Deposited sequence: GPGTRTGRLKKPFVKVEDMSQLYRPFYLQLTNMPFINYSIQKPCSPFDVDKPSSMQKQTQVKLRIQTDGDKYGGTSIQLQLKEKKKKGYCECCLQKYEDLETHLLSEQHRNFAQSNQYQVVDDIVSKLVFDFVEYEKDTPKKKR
């Protein structure tokens, strides 16, 4: 079936879908190429949504709602554990 060369990986217990690699050629160790060359030479977690423009997603109301909520208390809990030792200016 599969055109060569190929690599195929599957889970022995059906947990994953099979996946594949096919290239023109398998990796070849190239000792002739000079050092240091290799011898072989978005989504928002907060809103649980794929976005197209970071800046515009950030400026959306659903992102604004999450950003200005109690959700970062987990971060503030740690920060309150740290000593501030910089000089602060007004």
| remark: Gaps relative to the deposited sequence fall at 1-7, 49-87, 137-144
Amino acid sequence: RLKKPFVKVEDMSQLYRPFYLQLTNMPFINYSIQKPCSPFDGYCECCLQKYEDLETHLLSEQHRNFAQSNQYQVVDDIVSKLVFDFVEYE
From here on, numbers count along this sequence of modelled residues.
| task | Averaging the C-alpha B factors as listed in the entry, name the stretch that ends up higher: 63-71 or 20-28. | result | 63-71
| note | The stretch whose C-alpha atoms carry the larger average B-factor in the entry, 43-51 or 30-38, is 43-51
| remark: Quick tally, chain-level thirds of C-alpha B-factors: residue 9 sits in the lowest
